[PDB]
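See below for start30.cif, which holds mmCIF, C-alpha atoms and all ligand atoms.
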```cif
data_query
loop_
_atom_site.label_atom_id
_atom_site.label_comp_id
_atom_site.auth_asym_id
_atom_site.auth_seq_id
_atom_site.Cartn_x
_atom_site.Cartn_y
_atom_site.Cartn_z
CA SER F 1 37.11 -17.74 17.51
CA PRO F 2 35.29 -14.64 16.06
CA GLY F 3 33.52 -16.96 13.58
CA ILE F 4 32.42 -19.84 15.88
CA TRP F 5 28.77 -20.40 16.71
CA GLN F 6 26.90 -23.11 18.65
CA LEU F 7 23.39 -24.32 17.85
CA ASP F 8 21.00 -25.00 20.73
CA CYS F 9 17.43 -26.33 20.62
CA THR F 10 15.09 -25.82 23.59
CA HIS F 11 11.35 -26.37 24.06
CA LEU F 12 8.53 -24.22 25.39
CA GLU F 13 4.74 -24.25 25.01
CA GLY F 14 4.83 -27.33 22.76
CA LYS F 15 7.07 -25.48 20.30
CA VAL F 16 10.79 -25.49 19.62
CA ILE F 17 13.10 -22.48 20.07
CA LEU F 18 16.17 -22.80 17.87
CA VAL F 19 19.08 -20.67 19.20
CA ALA F 20 22.49 -19.84 17.73
CA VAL F 21 25.07 -18.60 20.23
CA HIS F 22 28.20 -16.73 19.30
CA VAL F 23 30.54 -18.61 21.60
CA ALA F 24 33.10 -15.87 22.37
CA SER F 25 30.51 -13.15 23.17
CA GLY F 26 27.36 -14.98 24.31
CA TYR F 27 25.38 -12.99 21.66
CA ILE F 28 22.34 -14.92 20.34
CA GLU F 29 19.84 -15.15 17.51
CA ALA F 30 16.72 -17.31 17.95
CA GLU F 31 13.51 -18.35 16.21
CA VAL F 32 10.38 -20.31 17.14
CA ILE F 33 9.71 -23.30 14.83
CA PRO F 34 7.01 -26.05 15.11
CA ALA F 35 9.66 -28.79 15.26
CA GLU F 36 13.32 -29.15 14.56
CA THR F 37 13.79 -30.45 11.06
CA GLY F 38 16.89 -30.35 8.82
CA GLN F 39 15.05 -27.88 6.61
CA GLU F 40 14.28 -25.47 9.50
CA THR F 41 17.84 -25.72 10.75
CA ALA F 42 19.25 -25.16 7.22
CA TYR F 43 17.14 -22.04 6.73
CA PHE F 44 18.09 -20.68 10.17
CA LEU F 45 21.80 -21.11 9.38
CA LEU F 46 21.38 -19.45 6.00
CA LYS F 47 19.85 -16.41 7.74
CA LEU F 48 22.54 -16.31 10.42
CA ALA F 49 25.41 -16.53 7.91
CA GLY F 50 24.06 -13.68 5.78
CA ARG F 51 24.04 -11.46 8.90
CA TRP F 52 27.29 -12.43 10.72
CA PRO F 53 30.61 -13.93 9.47
CA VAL F 54 29.85 -17.53 10.42
CA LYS F 55 32.97 -19.71 9.92
CA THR F 56 32.07 -22.73 12.02
CA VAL F 57 28.86 -24.06 13.54
CA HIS F 58 28.85 -26.65 16.29
CA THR F 59 25.59 -28.39 15.48
CA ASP F 60 23.21 -29.21 18.30
CA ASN F 61 22.69 -32.91 17.60
CA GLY F 62 23.59 -35.77 15.31
CA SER F 63 20.48 -35.48 13.14
CA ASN F 64 21.34 -31.91 12.13
CA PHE F 65 24.96 -32.93 11.75
CA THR F 66 23.89 -35.74 9.38
CA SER F 67 21.11 -33.90 7.51
CA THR F 68 21.86 -33.43 3.80
CA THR F 69 19.63 -30.31 3.85
CA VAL F 70 21.75 -28.86 6.65
CA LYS F 71 24.93 -29.92 4.89
CA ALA F 72 23.76 -28.27 1.63
CA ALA F 73 23.02 -24.98 3.44
CA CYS F 74 26.39 -25.03 5.21
CA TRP F 75 28.05 -25.70 1.86
CA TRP F 76 26.13 -22.83 0.26
CA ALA F 77 26.94 -20.36 3.05
CA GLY F 78 30.56 -21.44 3.40
CA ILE F 79 30.06 -22.77 6.92
CA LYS F 80 32.15 -25.58 8.39
CA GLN F 81 29.66 -27.87 10.06
CA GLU F 82 31.18 -29.48 13.12
CA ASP F 83 29.84 -31.68 15.89
CA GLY F 84 28.87 -30.07 19.20
CA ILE F 85 30.42 -32.68 21.50
CA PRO F 86 31.19 -30.88 24.83
CA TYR F 87 34.88 -31.88 25.03
CA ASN F 88 34.97 -29.03 27.50
CA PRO F 89 32.23 -30.20 29.90
CA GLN F 90 31.58 -26.61 31.05
CA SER F 91 29.86 -26.12 27.64
CA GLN F 92 26.85 -28.23 28.69
CA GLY F 93 26.38 -26.09 31.82
CA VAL F 94 26.69 -22.77 29.98
CA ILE F 95 24.05 -23.81 27.39
CA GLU F 96 21.66 -25.12 30.08
CA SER F 97 22.03 -21.89 32.05
CA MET F 98 21.36 -19.84 28.91
CA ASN F 99 18.20 -21.82 28.17
CA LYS F 100 17.02 -21.26 31.74
CA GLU F 101 17.77 -17.51 31.54
CA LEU F 102 15.97 -17.23 28.19
CA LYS F 103 12.88 -19.01 29.46
CA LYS F 104 12.91 -16.71 32.52
CA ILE F 105 12.91 -13.63 30.27
CA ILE F 106 10.20 -15.10 28.06
CA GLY F 107 8.09 -15.49 31.23
CA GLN F 108 8.74 -11.86 32.17
CA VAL F 109 7.56 -10.61 28.74
CA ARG F 110 5.08 -13.33 28.00
CA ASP F 111 2.24 -10.91 28.85
CA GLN F 112 3.41 -8.25 26.34
CA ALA F 113 2.61 -10.29 23.25
CA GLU F 114 -0.01 -12.79 22.16
CA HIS F 115 2.43 -15.06 20.30
CA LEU F 116 5.43 -16.98 21.60
CA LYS F 117 7.56 -15.93 18.59
CA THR F 118 7.22 -12.26 19.66
CA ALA F 119 8.13 -13.03 23.27
CA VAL F 120 11.20 -14.94 22.04
CA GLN F 121 12.36 -11.94 19.99
CA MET F 122 11.85 -9.74 23.07
CA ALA F 123 13.98 -12.23 25.01
CA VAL F 124 16.75 -12.09 22.35
CA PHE F 125 16.66 -8.29 22.59
CA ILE F 126 16.94 -8.27 26.40
CA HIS F 127 19.67 -10.97 26.41
CA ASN F 128 21.81 -9.18 23.80
CA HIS F 129 21.46 -5.71 25.39
CA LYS F 130 22.02 -6.76 29.03
CA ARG F 131 25.19 -5.28 30.51
CA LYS F 132 26.98 -7.96 32.51
CA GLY F 133 30.44 -3.93 31.92
CA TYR F 134 29.60 -4.64 28.27
CA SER F 135 26.63 -6.32 26.59
CA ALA F 136 26.84 -9.41 24.36
CA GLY F 137 25.88 -7.16 21.39
CA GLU F 138 28.83 -4.92 22.20
CA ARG F 139 31.22 -7.89 22.65
CA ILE F 140 30.38 -9.55 19.35
CA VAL F 141 30.89 -6.31 17.38
CA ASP F 142 34.21 -5.59 19.15
CA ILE F 143 35.43 -9.16 18.59
CA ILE F 144 34.62 -9.19 14.90
CA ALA F 145 35.93 -5.64 14.32
CA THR F 146 39.27 -6.55 15.96
CA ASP F 147 39.42 -9.60 13.69
CA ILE F 148 38.76 -7.50 10.55
CA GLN F 149 41.52 -5.05 11.60
CA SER R 1 24.68 7.63 12.16
CA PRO R 2 25.82 4.22 13.59
CA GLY R 3 22.22 3.66 14.74
CA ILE R 4 20.20 4.79 11.67
CA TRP R 5 18.28 2.35 9.52
CA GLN R 6 15.88 2.79 6.59
CA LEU R 7 12.93 0.52 5.82
CA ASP R 8 12.24 -0.44 2.23
CA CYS R 9 9.43 -2.56 0.80
CA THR R 10 9.72 -4.14 -2.67
CA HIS R 11 7.60 -6.72 -4.50
CA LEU R 12 8.42 -9.94 -6.32
CA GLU R 13 6.44 -13.04 -7.31
CA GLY R 14 3.22 -11.64 -5.82
CA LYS R 15 4.92 -11.38 -2.44
CA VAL R 16 6.48 -8.53 -0.51
CA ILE R 17 10.15 -8.29 0.49
CA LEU R 18 10.65 -6.07 3.52
CA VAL R 19 14.22 -4.74 3.77
CA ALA R 20 16.03 -2.78 6.48
CA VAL R 21 19.14 -0.94 5.32
CA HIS R 22 21.83 0.31 7.66
CA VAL R 23 22.30 3.68 6.03
CA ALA R 24 26.01 4.30 6.76
CA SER R 25 27.18 0.84 5.61
CA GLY R 26 24.62 -0.43 3.09
CA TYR R 27 24.27 -3.64 5.19
CA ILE R 28 20.80 -5.20 4.97
CA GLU R 29 18.38 -7.58 6.62
CA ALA R 30 15.29 -8.76 4.69
CA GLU R 31 12.31 -11.08 4.95
CA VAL R 32 9.53 -12.25 2.63
CA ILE R 33 5.98 -11.54 3.90
CA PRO R 34 2.60 -12.10 2.19
CA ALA R 35 1.71 -8.39 2.48
CA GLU R 36 3.00 -5.38 4.32
CA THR R 37 0.95 -4.89 7.45
CA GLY R 38 1.72 -2.94 10.68
CA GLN R 39 2.05 -6.24 12.49
CA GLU R 40 4.61 -7.66 9.98
CA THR R 41 6.59 -4.43 10.09
CA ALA R 42 6.47 -4.29 13.92
CA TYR R 43 7.76 -7.88 14.21
CA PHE R 44 10.52 -7.25 11.65
CA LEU R 45 11.71 -4.18 13.63
CA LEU R 46 11.62 -6.12 16.90
CA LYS R 47 13.92 -8.75 15.34
CA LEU R 48 16.25 -6.14 13.86
CA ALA R 49 16.60 -4.21 17.11
CA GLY R 50 17.45 -7.33 19.14
CA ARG R 51 20.32 -7.98 16.69
CA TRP R 52 21.78 -4.50 16.00
CA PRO R 53 21.72 -1.26 18.05
CA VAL R 54 18.85 0.41 16.20
CA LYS R 55 18.45 4.05 17.34
CA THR R 56 16.36 5.44 14.53
CA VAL R 57 14.25 3.90 11.77
CA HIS R 58 13.17 5.91 8.73
CA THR R 59 9.90 4.17 7.99
CA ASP R 60 9.08 3.27 4.41
CA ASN R 61 5.62 4.86 4.17
CA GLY R 62 2.96 6.78 6.04
CA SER R 63 0.92 3.71 6.99
CA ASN R 64 3.81 2.14 8.90
CA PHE R 65 4.64 5.54 10.35
CA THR R 66 1.04 5.88 11.59
CA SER R 67 0.55 2.25 12.67
CA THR R 68 -0.09 1.87 16.41
CA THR R 69 1.32 -1.69 16.13
CA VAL R 70 4.55 -0.31 14.64
CA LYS R 71 4.61 2.53 17.18
CA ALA R 72 4.19 0.01 20.05
CA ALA R 73 7.11 -2.13 18.76
CA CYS R 74 9.31 0.93 18.33
CA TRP R 75 8.45 2.03 21.88
CA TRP R 76 9.22 -1.48 23.18
CA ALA R 77 12.56 -1.72 21.37
CA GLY R 78 13.59 1.87 22.13
CA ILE R 79 13.54 2.88 18.48
CA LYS R 80 12.91 6.44 17.34
CA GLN R 81 10.41 6.08 14.50
CA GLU R 82 10.91 8.81 11.93
CA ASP R 83 9.53 9.53 8.47
CA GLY R 84 11.52 8.41 5.40
CA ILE R 85 11.00 11.58 3.37
CA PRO R 86 13.97 11.86 0.98
CA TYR R 87 15.03 15.44 1.86
CA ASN R 88 18.25 14.36 0.20
CA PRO R 89 17.03 13.32 -3.29
CA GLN R 90 20.00 10.90 -3.64
CA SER R 91 18.08 8.59 -1.26
CA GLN R 92 15.26 7.57 -3.65
CA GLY R 93 17.91 6.58 -6.21
CA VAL R 94 20.07 4.61 -3.76
CA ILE R 95 17.06 2.55 -2.58
CA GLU R 96 15.85 1.99 -6.18
CA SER R 97 19.28 0.71 -7.22
CA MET R 98 19.44 -1.54 -4.16
CA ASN R 99 16.03 -3.06 -4.98
CA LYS R 100 17.21 -3.60 -8.56
CA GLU R 101 20.48 -5.26 -7.38
CA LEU R 102 18.62 -7.49 -4.91
CA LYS R 103 16.15 -8.66 -7.54
CA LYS R 104 19.08 -9.42 -9.87
CA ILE R 105 20.78 -11.55 -7.20
CA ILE R 106 17.49 -13.31 -6.44
CA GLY R 107 17.25 -14.21 -10.17
CA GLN R 108 20.82 -15.54 -10.11
CA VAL R 109 20.03 -17.86 -7.16
CA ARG R 110 16.39 -18.43 -7.90
CA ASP R 111 17.18 -21.94 -9.18
CA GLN R 112 19.02 -22.97 -5.96
CA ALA R 113 15.90 -23.03 -3.81
CA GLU R 114 12.25 -23.92 -4.26
CA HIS R 115 10.95 -21.02 -2.13
CA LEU R 116 11.35 -17.27 -2.60
CA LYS R 117 12.17 -16.74 1.12
CA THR R 118 15.32 -18.93 0.72
CA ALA R 119 16.42 -17.04 -2.40
CA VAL R 120 15.96 -13.74 -0.55
CA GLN R 121 18.18 -14.93 2.30
CA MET R 122 20.78 -16.01 -0.27
CA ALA R 123 20.53 -12.52 -1.77
CA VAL R 124 21.05 -10.91 1.70
CA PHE R 125 24.13 -13.09 2.16
CA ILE R 126 25.61 -12.17 -1.22
CA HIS R 127 24.82 -8.45 -0.80
CA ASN R 128 26.35 -8.25 2.70
CA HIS R 129 29.50 -10.22 1.79
CA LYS R 130 30.21 -8.47 -1.55
CA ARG R 131 33.49 -6.60 -1.47
CA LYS R 132 33.15 -3.15 -3.05
CA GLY R 133 37.68 -2.82 -0.53
CA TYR R 134 35.32 -3.82 2.27
CA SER R 135 31.95 -5.54 2.39
CA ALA R 136 28.81 -4.01 3.91
CA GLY R 137 29.11 -6.61 6.72
CA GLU R 138 32.63 -5.40 7.47
CA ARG R 139 31.57 -1.72 7.35
CA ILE R 140 28.65 -2.07 9.76
CA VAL R 141 30.79 -3.87 12.39
CA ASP R 142 33.62 -1.28 12.04
CA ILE R 143 31.15 1.60 12.30
CA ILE R 144 29.45 0.29 15.40
CA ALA R 145 32.71 -0.83 17.08
CA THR R 146 34.16 2.67 16.52
CA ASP R 147 30.99 4.11 18.09
CA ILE R 148 31.21 1.76 21.13
CA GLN R 149 34.69 3.15 21.81
CA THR R 150 33.06 6.56 22.57
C1 LIG F 201 5.23 -6.08 20.56
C2 LIG F 201 5.33 -5.16 21.77
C3 LIG F 201 3.99 -4.56 22.12
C4 LIG F 201 4.23 -3.54 23.22
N1 LIG F 201 2.98 -5.53 22.54
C5 LIG F 201 1.63 -5.34 22.27
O1 LIG F 201 1.16 -4.36 21.71
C6 LIG F 201 0.73 -6.46 22.66
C7 LIG F 201 0.77 -6.88 23.97
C8 LIG F 201 -0.03 -7.93 24.37
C9 LIG F 201 -0.87 -8.54 23.47
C10 LIG F 201 -0.92 -8.10 22.16
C11 LIG F 201 -0.11 -7.06 21.74
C12 LIG F 201 -0.20 -6.63 20.31
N2 LIG F 201 0.54 -7.48 19.33
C13 LIG F 201 0.01 -7.20 17.96
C14 LIG F 201 2.05 -7.55 19.48
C15 LIG F 201 2.59 -8.27 18.27
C16 LIG F 201 3.17 -7.52 17.26
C17 LIG F 201 3.65 -8.13 16.12
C18 LIG F 201 3.54 -9.49 15.98
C19 LIG F 201 2.98 -10.26 16.99
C20 LIG F 201 2.49 -9.65 18.13
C21 LIG F 201 1.91 -10.48 19.22
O2 LIG F 201 0.89 -10.07 19.83
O3 LIG F 201 2.59 -11.52 19.54
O4 LIG F 201 2.85 -11.64 16.87
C22 LIG F 201 3.71 -12.19 15.86
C23 LIG F 201 3.55 -11.37 14.61
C24 LIG F 201 4.29 -12.04 13.44
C25 LIG F 201 4.25 -11.19 12.19
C26 LIG F 201 2.85 -11.32 11.61
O5 LIG F 201 2.35 -12.48 11.63
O6 LIG F 201 2.33 -10.26 11.15
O7 LIG F 201 4.03 -10.04 14.83
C1 LIG F 202 19.52 -23.85 0.35
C2 LIG F 202 20.79 -24.13 -0.42
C3 LIG F 202 20.74 -25.45 -1.16
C4 LIG F 202 22.03 -25.58 -1.96
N1 LIG F 202 19.60 -25.61 -2.05
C5 LIG F 202 19.00 -26.84 -2.26
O1 LIG F 202 19.35 -27.88 -1.73
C6 LIG F 202 17.82 -26.85 -3.16
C7 LIG F 202 17.97 -26.33 -4.43
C8 LIG F 202 16.88 -26.32 -5.28
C9 LIG F 202 15.67 -26.83 -4.88
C10 LIG F 202 15.52 -27.36 -3.61
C11 LIG F 202 16.60 -27.37 -2.75
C12 LIG F 202 16.39 -27.95 -1.38
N2 LIG F 202 15.72 -27.04 -0.39
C13 LIG F 202 15.20 -27.89 0.72
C14 LIG F 202 16.48 -25.77 -0.03
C15 LIG F 202 15.74 -25.16 1.13
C16 LIG F 202 16.27 -25.33 2.41
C17 LIG F 202 15.61 -24.81 3.50
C18 LIG F 202 14.41 -24.15 3.32
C19 LIG F 202 13.89 -23.96 2.05
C20 LIG F 202 14.55 -24.48 0.95
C21 LIG F 202 14.00 -24.26 -0.42
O2 LIG F 202 14.06 -25.17 -1.28
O3 LIG F 202 13.61 -23.05 -0.66
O4 LIG F 202 12.68 -23.31 1.86
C22 LIG F 202 12.31 -22.49 2.99
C23 LIG F 202 12.43 -23.33 4.24
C24 LIG F 202 11.84 -22.58 5.43
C25 LIG F 202 12.07 -23.34 6.72
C26 LIG F 202 11.04 -24.46 6.74
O5 LIG F 202 9.86 -24.17 6.39
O6 LIG F 202 11.48 -25.58 7.12
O7 LIG F 202 13.80 -23.66 4.46
CL CL F 203 22.18 -5.13 20.54
CL CL F 204 28.54 -10.87 6.52
#
```

Step by step, read the file and then write its structure as structure tokens.
Amino acid sequence: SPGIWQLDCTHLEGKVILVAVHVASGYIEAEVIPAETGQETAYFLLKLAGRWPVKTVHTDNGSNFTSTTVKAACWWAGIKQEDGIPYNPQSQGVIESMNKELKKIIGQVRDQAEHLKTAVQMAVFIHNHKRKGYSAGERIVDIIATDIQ
Amino acid sequence: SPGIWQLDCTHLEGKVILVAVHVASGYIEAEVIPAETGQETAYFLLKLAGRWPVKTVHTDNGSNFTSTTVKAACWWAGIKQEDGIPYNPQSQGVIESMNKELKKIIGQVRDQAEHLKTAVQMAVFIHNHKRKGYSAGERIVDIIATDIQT
């Protein structure tokens, strides 16, 4: 499971925050986009896969699963595109709790930037560095390193 | 040196490609921007530091070094902003060759996307995954993991 990621789309301020979660570590990357389209999702995945060894992505909905733009990007980047059906029901709850936590952090920083995109990157930073004791940023690196070796 | 990064700005197609290189591994992140400004650089560093444990950034030029916008982002993210003076002359050459390699890869993929930004992300992917043997992506993770066990 070092290579498995989950996509997650949440809304704030009339915009969309697209999140990718590294399932085993809870590490995240995120971006603000005007709306979820296949093209936005495809580009986001392309970025993610150039930065981390992304083997599998559990897509966030059926439209992204279906999208030929998303499929083409997964093909290009060597990603196995899978559904995100919560066969383990605890997955829904974990995602919902992460979205709530992220929005809480965005609120706490919202004053330290004019633009939502900046606040979201601040939120990513705080989420990934938070010791819960190791941080998510530490866990993902350790997981992948162990896999390499 | 697990935490040291170097900024690098190169130009293509009338646009600017801002690159951050993890010095010890050669791993990179990059984005296309219309022009280098303090604000663009500040935002790029904010992104980078939320994703990797960035201790020190050797800035690419004196304007970004001076920039109060860049300084504010570095303060926020806990980054030590340093100059990028190549006291070791090997550094100019390493960056130049990287820019040349990246532009080559962009040309090789240029036909697989309408937009330069897409091609640049494809170039990042190819650069980071290229086995030279380990890839830069493998080296950065090994370097940081080794550091964390300290
Ligand atoms: C960042 C941490 C510091 C402590 N906060 C402040 O100094 C601060 C605090 C409150 C209000 C304004 C500011 C000043 N601003 C300039 C912060 C900023 C930097 C880069 C950006 C921004 C923003 C933004 O205000 O959101 O917005 C997106 C933009 C995208 C790239 C591009 O378009 O160039 O990059
Ligand atoms: C990508 C790999 C595949 C094999 N290549 C093609 O299928 C392909 C090949 C040639 C020409 C057009 C295409 C089709 N396009 C749609 C590729 C694409 C996807 C997401 C993007 C793009 C682009 C783009 O063409 O550059 O541009 C930036 C945009 C930014 C996010 C936003 O604005 O939504 O995200
Ligand atoms: Cl981190
Ligand atoms: Cl990689």

Fill in: Distance query residue 22 of chain R at most 8 Å, only C-alpha atoms, self and fewer than 2 positions along chain excluded, as a ChimeraX atom specification
/R:3-6,20,24-28,140

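Distance annotation: of R:121, R:108, R:69, R:135, the residue with the minimal separation from chain F is R:121; atom set is all atoms listed in the file.
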
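Taking atom CA of residue 134 of chain R and atom CA of residue 2 of chain F as the two end points, the separation is 17.5 Å.
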
Practice prompt. Please identify the residues whose atoms come within 12 Å of ligand LIG 201 (chain F), using all atoms listed in the file, and report them as a PyMOL selection string.
Written response: (chain F and resi 31-32+106+109-123+125) or (chain R and resi 18+31-47+67-79)

Any chance you could export the current selection's C-alpha atoms as a PDB file, in the coordinates of the input?
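Printed below is out_8.pdb as written:
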```pdb
ATOM      1  CA  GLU F  31      13.510 -18.350  16.210  1.00  0.00           C
ATOM      2  CA  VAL F  32      10.380 -20.310  17.140  1.00  0.00           C
ATOM      3  CA  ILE F 106      10.200 -15.100  28.060  1.00  0.00           C
ATOM      4  CA  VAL F 109       7.560 -10.610  28.740  1.00  0.00           C
ATOM      5  CA  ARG F 110       5.080 -13.330  28.000  1.00  0.00           C
ATOM      6  CA  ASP F 111       2.240 -10.910  28.850  1.00  0.00           C
ATOM      7  CA  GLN F 112       3.410  -8.250  26.340  1.00  0.00           C
ATOM      8  CA  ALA F 113       2.610 -10.290  23.250  1.00  0.00           C
ATOM      9  CA  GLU F 114      -0.010 -12.790  22.160  1.00  0.00           C
ATOM     10  CA  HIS F 115       2.430 -15.060  20.300  1.00  0.00           C
ATOM     11  CA  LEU F 116       5.430 -16.980  21.600  1.00  0.00           C
ATOM     12  CA  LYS F 117       7.560 -15.930  18.590  1.00  0.00           C
ATOM     13  CA  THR F 118       7.220 -12.260  19.660  1.00  0.00           C
ATOM     14  CA  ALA F 119       8.130 -13.030  23.270  1.00  0.00           C
ATOM     15  CA  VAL F 120      11.200 -14.940  22.040  1.00  0.00           C
ATOM     16  CA  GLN F 121      12.360 -11.940  19.990  1.00  0.00           C
ATOM     17  CA  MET F 122      11.850  -9.740  23.070  1.00  0.00           C
ATOM     18  CA  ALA F 123      13.980 -12.230  25.010  1.00  0.00           C
ATOM     19  CA  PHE F 125      16.660  -8.290  22.590  1.00  0.00           C
TER      20      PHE F 125
ATOM     21  CA  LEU R  18      10.650  -6.070   3.520  1.00  0.00           C
ATOM     22  CA  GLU R  31      12.310 -11.080   4.950  1.00  0.00           C
ATOM     23  CA  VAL R  32       9.530 -12.250   2.630  1.00  0.00           C
ATOM     24  CA  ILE R  33       5.980 -11.540   3.900  1.00  0.00           C
ATOM     25  CA  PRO R  34       2.600 -12.100   2.190  1.00  0.00           C
ATOM     26  CA  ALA R  35       1.710  -8.390   2.480  1.00  0.00           C
ATOM     27  CA  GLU R  36       3.000  -5.380   4.320  1.00  0.00           C
ATOM     28  CA  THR R  37       0.950  -4.890   7.450  1.00  0.00           C
ATOM     29  CA  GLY R  38       1.720  -2.940  10.680  1.00  0.00           C
ATOM     30  CA  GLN R  39       2.050  -6.240  12.490  1.00  0.00           C
ATOM     31  CA  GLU R  40       4.610  -7.660   9.980  1.00  0.00           C
ATOM     32  CA  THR R  41       6.590  -4.430  10.090  1.00  0.00           C
ATOM     33  CA  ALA R  42       6.470  -4.290  13.920  1.00  0.00           C
ATOM     34  CA  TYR R  43       7.760  -7.880  14.210  1.00  0.00           C
ATOM     35  CA  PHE R  44      10.520  -7.250  11.650  1.00  0.00           C
ATOM     36  CA  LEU R  45      11.710  -4.180  13.630  1.00  0.00           C
ATOM     37  CA  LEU R  46      11.620  -6.120  16.900  1.00  0.00           C
ATOM     38  CA  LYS R  47      13.920  -8.750  15.340  1.00  0.00           C
ATOM     39  CA  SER R  67       0.550   2.250  12.670  1.00  0.00           C
ATOM     40  CA  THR R  68      -0.090   1.870  16.410  1.00  0.00           C
ATOM     41  CA  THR R  69       1.320  -1.690  16.130  1.00  0.00           C
ATOM     42  CA  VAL R  70       4.550  -0.310  14.640  1.00  0.00           C
ATOM     43  CA  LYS R  71       4.610   2.530  17.180  1.00  0.00           C
ATOM     44  CA  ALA R  72       4.190   0.010  20.050  1.00  0.00           C
ATOM     45  CA  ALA R  73       7.110  -2.130  18.760  1.00  0.00           C
ATOM     46  CA  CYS R  74       9.310   0.930  18.330  1.00  0.00           C
ATOM     47  CA  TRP R  75       8.450   2.030  21.880  1.00  0.00           C
ATOM     48  CA  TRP R  76       9.220  -1.480  23.180  1.00  0.00           C
ATOM     49  CA  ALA R  77      12.560  -1.720  21.370  1.00  0.00           C
ATOM     50  CA  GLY R  78      13.590   1.870  22.130  1.00  0.00           C
ATOM     51  CA  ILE R  79      13.540   2.880  18.480  1.00  0.00           C
TER      52      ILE R  79
END
```

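In this structure, the chain R residues at most 6 Å away from chain F are residues 47, 50, 121, 124, 125, 141, 142 and 145 of chain R, with only C-alpha atoms considered.
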
Grab segment 41-58 of chain R from that structure and dump N, CA and C atoms to a file, as a PDB file, in the first residue's frame.
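Written output follows (out.pdb):
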```
ATOM      1  N   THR R  41       6.813  33.407  -6.668  1.00  0.00           N
ATOM      2  CA  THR R  41       7.889  32.642  -6.016  1.00  0.00           C
ATOM      3  C   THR R  41       7.474  32.234  -4.599  1.00  0.00           C
ATOM      4  N   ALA R  42       6.843  33.167  -3.893  1.00  0.00           N
ATOM      5  CA  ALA R  42       6.362  32.955  -2.520  1.00  0.00           C
ATOM      6  C   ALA R  42       5.361  31.778  -2.494  1.00  0.00           C
ATOM      7  N   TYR R  43       4.412  31.810  -3.418  1.00  0.00           N
ATOM      8  CA  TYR R  43       3.389  30.759  -3.489  1.00  0.00           C
ATOM      9  C   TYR R  43       4.013  29.394  -3.811  1.00  0.00           C
ATOM     10  N   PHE R  44       4.942  29.390  -4.760  1.00  0.00           N
ATOM     11  CA  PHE R  44       5.647  28.161  -5.140  1.00  0.00           C
ATOM     12  C   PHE R  44       6.359  27.558  -3.916  1.00  0.00           C
ATOM     13  N   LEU R  45       7.053  28.408  -3.141  1.00  0.00           N
ATOM     14  CA  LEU R  45       7.773  27.925  -1.950  1.00  0.00           C
ATOM     15  C   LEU R  45       6.832  27.397  -0.859  1.00  0.00           C
ATOM     16  N   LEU R  46       5.710  28.087  -0.680  1.00  0.00           N
ATOM     17  CA  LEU R  46       4.669  27.630   0.230  1.00  0.00           C
ATOM     18  C   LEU R  46       4.210  26.207  -0.119  1.00  0.00           C
ATOM     19  N   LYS R  47       3.924  25.979  -1.401  1.00  0.00           N
ATOM     20  CA  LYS R  47       3.543  24.647  -1.884  1.00  0.00           C
ATOM     21  C   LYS R  47       4.624  23.603  -1.602  1.00  0.00           C
ATOM     22  N   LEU R  48       5.854  23.964  -1.943  1.00  0.00           N
ATOM     23  CA  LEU R  48       6.979  23.046  -1.834  1.00  0.00           C
ATOM     24  C   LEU R  48       7.145  22.630  -0.377  1.00  0.00           C
ATOM     25  N   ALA R  49       7.090  23.615   0.526  1.00  0.00           N
ATOM     26  CA  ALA R  49       7.387  23.361   1.933  1.00  0.00           C
ATOM     27  C   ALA R  49       6.267  22.599   2.640  1.00  0.00           C
ATOM     28  N   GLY R  50       5.043  22.641   2.092  1.00  0.00           N
ATOM     29  CA  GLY R  50       3.981  21.793   2.648  1.00  0.00           C
ATOM     30  C   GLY R  50       4.122  20.330   2.231  1.00  0.00           C
ATOM     31  N   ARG R  51       4.960  20.072   1.219  1.00  0.00           N
ATOM     32  CA  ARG R  51       5.095  18.749   0.606  1.00  0.00           C
ATOM     33  C   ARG R  51       6.386  18.018   0.986  1.00  0.00           C
ATOM     34  N   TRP R  52       7.469  18.782   1.158  1.00  0.00           N
ATOM     35  CA  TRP R  52       8.772  18.248   1.589  1.00  0.00           C
ATOM     36  C   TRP R  52       9.314  19.085   2.737  1.00  0.00           C
ATOM     37  N   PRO R  53      10.215  18.505   3.575  1.00  0.00           N
ATOM     38  CA  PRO R  53      10.733  19.267   4.724  1.00  0.00           C
ATOM     39  C   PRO R  53      11.858  20.206   4.279  1.00  0.00           C
ATOM     40  N   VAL R  54      11.454  21.393   3.850  1.00  0.00           N
ATOM     41  CA  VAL R  54      12.332  22.402   3.281  1.00  0.00           C
ATOM     42  C   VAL R  54      12.952  23.255   4.417  1.00  0.00           C
ATOM     43  N   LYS R  55      14.249  23.086   4.626  1.00  0.00           N
ATOM     44  CA  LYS R  55      14.951  23.813   5.696  1.00  0.00           C
ATOM     45  C   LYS R  55      15.562  25.095   5.167  1.00  0.00           C
ATOM     46  N   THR R  56      16.165  24.985   3.997  1.00  0.00           N
ATOM     47  CA  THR R  56      16.891  26.082   3.392  1.00  0.00           C
ATOM     48  C   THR R  56      16.598  26.150   1.911  1.00  0.00           C
ATOM     49  N   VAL R  57      16.359  27.359   1.403  1.00  0.00           N
ATOM     50  CA  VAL R  57      16.230  27.582  -0.038  1.00  0.00           C
ATOM     51  C   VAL R  57      17.315  28.555  -0.502  1.00  0.00           C
ATOM     52  N   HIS R  58      18.121  28.119  -1.457  1.00  0.00           N
ATOM     53  CA  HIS R  58      19.034  29.032  -2.153  1.00  0.00           C
ATOM     54  C   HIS R  58      18.226  29.667  -3.252  1.00  0.00           C
TER      55      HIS R  58
END
```
